[PDB]
Engineer: 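After the structure tokens below, expect a handful of questions from me.
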2 protein chains.
Amino acid sequence: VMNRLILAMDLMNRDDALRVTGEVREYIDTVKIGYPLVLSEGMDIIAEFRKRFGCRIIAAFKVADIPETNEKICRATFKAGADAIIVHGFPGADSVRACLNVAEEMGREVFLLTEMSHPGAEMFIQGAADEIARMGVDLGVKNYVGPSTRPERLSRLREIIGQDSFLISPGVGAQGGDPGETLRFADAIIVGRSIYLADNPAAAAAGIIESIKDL
Amino acid sequence: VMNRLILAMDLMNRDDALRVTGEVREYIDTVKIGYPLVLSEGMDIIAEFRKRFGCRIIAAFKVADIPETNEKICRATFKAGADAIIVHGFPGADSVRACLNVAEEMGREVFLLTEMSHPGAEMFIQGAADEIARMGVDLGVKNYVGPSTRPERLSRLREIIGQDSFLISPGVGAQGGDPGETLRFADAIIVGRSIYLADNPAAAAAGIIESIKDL
């Protein structure tokens, strides 16, 4: 990923989302698009971004339904042009396998979300995260998502998935995570508000990258 | 809900979704619309269904993100016209509270999904479901979703939330759940494929209603 930085584009207006993404394009090559933007402007926004910015698009949907429904969501998401989709592991192996089957059919990728970055993740997810990560390895998952907010947990997740797996991590900036520390374990960091709510998004992204390049 | 029956409209074509819903409208008063249809035809489909059929719409999104993102998803969903939204409880209390805050602001409702109905739910969700249900009671949640496929778990969920709370239940038909048994604990059952993939959806819905009335 360019500069090891992925933009989480959660603005809910097509004009603002396009403007900010265009302003920071020279610093990234991958954009995370989630339901805030897709439910406000439509799934067609994914293809528009891919064409306009020529960036890879990760659909940040964190699918958490039954197998049959997860398949339908994956199919619609890849049909819309996404390069990858984020899937929750907590629902179990069959729900994750349904996503992997559609990705295989469509030539795309699945990112498995293990532990989440917000405070509430400590209640139920954290206690199952190591096992969710092992389930991922057993299913052949190669892409993972872990919390910038708990680098000790990110370290443990990296330990389970190995050095060969790709690990991206949200919670940098607004949620309290640090770019440099997170990158000791993750391959790339996800940044949303710290960049898209900034007065000058390009300068915010540039500053993050300057603190990264120094690693 | 009319006849204690909620249709899960997971067809991914507007024409087919409209046809089936119209054919069974005389038997239900509530339609569950999820991502398969919304990501395929757009969020405007919610208002169209509401107007066309004058039914209540439950957005079956099973939101499972951080608080800030969950708020945005709830806001877009209610702006689209949904009467209620289903939220996963496993992400923790702050994620659920974010949804409740938006529902309060917009005069809508939140349904808390505790234990899921598919086989994989046994891996991680089942072990935390009782606690997720208690968290719901503590937060003041009055609407819940529990599994038709495990009536002993549906019974335990009912025990935790009490008789005053509303409980709906998916997994009837295709997943193996039974209408009559599920209705011993849930207030209403959710049915998707058994009705929408049937050669005669109205006849399938009527047959289910017949079983229910007999209870």
Side-chain angles (χ1 to χ4, degrees), chain A residues 8 10 32 34-36 39 60-66 70 73 85-92 95-96 111-133 135 144-150 153-154 157 169-171 174-177 190 192, chain B residues 34-35 59-75 77 85-103 110-116 120-121 123-141 143-146:
Chain A
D10 299 311
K32 241 169 59 79
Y35 288 131
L39 299 180
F61 300 170
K62 302 173 178 160
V63 183
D65 216 302
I66 62 169
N70 279 9
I73 294 172
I85 187 168
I86 300 178
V87 184
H88 254 292
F90 210 75
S95 285
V96 175
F111 276 73
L112 182 64
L113 169 59
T114 62
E115 187 173 331
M116 288 181 73
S117 68
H118 63 300
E122 293 179 348
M123 294 183 60
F124 310 110
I125 291 167
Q126 184 170 266
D130 284 5
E131 302 160 66
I132 287 166
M135 175 191 72
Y144 298 77
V145 187
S148 164
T149 52
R150 306 190 189 93
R153 295 294 300 145
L154 202 61
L157 162 64
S169 181
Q175 298 178 54
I190 292 161
Chain B
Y35 289 132
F61 298 171
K62 298 174 180 156
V63 182
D65 215 302
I66 62 171
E68 292 87 343
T69 294
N70 277 10
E71 173 179 356
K72 294 174 179 181
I73 294 167
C74 290
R75 190 164 280 109
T77 299
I85 190 172
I86 304 178
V87 181
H88 252 293
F90 74 85
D94 48 358
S95 285
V96 175
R97 172 55 65 188
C99 298
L100 293 168
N101 288 339
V102 176
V110 165
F111 274 72
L112 184 66
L113 171 57
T114 60
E115 185 174 327
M116 287 180 74
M123 294 183 65
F124 310 107
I125 292 168
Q126 188 173 79
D130 282 10
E131 291 162 85
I132 285 164
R134 287 199 267 284
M135 174 186 71
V137 172
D138 291 331
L139 293 171
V141 172
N143 299 297
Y144 297 77
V145 188

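When reading the values below, keep in mind they use all heavy atoms of this one structure, side chains included, and skip hydrogens, waters and symmetry mates. Per chain, numbering begins at 1; letters A, B, ... match sequence-line order.
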Engineer: Does any pair with a residue in residues 119-130 of chain A pass salt bridge (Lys or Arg N to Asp or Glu O under 4.0 Å), and if so which ones, sequence neighbours excluded?
Structural biologist: A/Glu122-A/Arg150, A/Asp130-A/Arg153, A/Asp130-A/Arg156
Engineer: Grab the two heavy atoms, one from A/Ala64 and one from B/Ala64, that are nearest each other, plus how far apart they are.
Structural biologist: CB-CB, 4.3 Å
Engineer: Sequence neighbours excluded, which residues qualify as side-chain contact (heavy atoms from CB on, under 4.5 Å) partners of B/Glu71?
Structural biologist: B/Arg75, B/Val102
Engineer: Decide yes or no for B/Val145 and B/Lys62: does some side-chain heavy atom of the first lie under 4.5 Å from some side-chain heavy atom of the second?
Structural biologist: no
Engineer: For residues 131-139 of chain B, which side-chain N or O atoms pair as donor and acceptor with protein atoms under 3.5 Å away, sequence neighbours left out?
Structural biologist:
none

Engineer: Could you tell me which non-hydrogen atom of A/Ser169 sits nearest to which non-hydrogen atom of A/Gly146, and how far apart they are?
Structural biologist: OG-O, 2.7 Å
Engineer: For the side chain of B/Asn70 and the backbone of B/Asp65, is there at least one donor-acceptor N/O pair under 3.5 Å apart?
Structural biologist: yes
Engineer: List the atom of A/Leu154, the atom of A/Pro147, and the distance in Å for their closest heavy-atom pair.
Structural biologist: CD1-N, 3.8 Å
Engineer: What I'd like to find out is whether the side chain of B/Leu112 reaches to under 4.5 Å of the side chain of B/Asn143, using heavy atoms alone.
Structural biologist: no
Engineer: What pair of heavy atoms forms the shortest contact from A/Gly34 to A/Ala60, and how long is it?
Structural biologist: CA-CB, 4.0 Å
Engineer: Quick check: closest heavy atoms across B/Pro91 and A/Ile125, and the distance to 0.1 Å?
Structural biologist: CA-CD1, 3.9 Å
Engineer: Below 4.5 Å, heavy atoms only, C-beta onward: do A/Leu113 and A/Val87 meet side chain to side chain?
Structural biologist: no
Engineer: List the steps, then state whether side-chain contact (heavy atoms from CB on, under 4.5 Å) holds for B/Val141 with B/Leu100.
Structural biologist: CA-CA 8 Å; B/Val141 172; B/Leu100 293 168; 4.0 Å; yes
Engineer: Can you list everything that forms a side-chain contact (heavy atoms from CB on, under 4.5 Å) with B/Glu68? Sequence neighbours excluded, please.
Structural biologist: A/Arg193, B/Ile66
Engineer: With heavy-atom distances below 4.5 Å as the criterion, would you say the side chains of A/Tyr144 and A/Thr114 are in contact?
Structural biologist: yes
Engineer: With side chains defined as the heavy atoms from C-beta onward, is the minimum distance between A/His88 and B/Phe90 less than 4.5 Å?
Structural biologist: yes
Engineer: In this structure, is the centre-to-centre distance between the rings of B/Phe61 and B/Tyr35 below 6.0 Å?
Structural biologist: yes
Engineer: Establish, from distance only, whether the side-chain atoms of A/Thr149 and A/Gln175 form a donor-acceptor pair under 3.5 Å.
Structural biologist: no
Engineer: Are side-chain heavy atoms of A/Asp10 and B/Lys72 found at a separation under 4.5 Å?
Structural biologist: yes
Engineer: Taking only residues two or more places apart in sequence or in another chain, which ones pass side chain to side chain donor-acceptor pair (under 3.5 Å) with B/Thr77?
Structural biologist: none
Engineer: What's the shortest heavy-atom distance between B/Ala128 and A/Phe124, and which atoms?
Structural biologist: CB-CD2, 3.8 Å
Engineer: Taking only residues two or more places apart in sequence, or in another chain, which ones meet A/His118 in a side chain to side chain donor-acceptor pair (under 3.5 Å)?
Structural biologist: B/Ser95
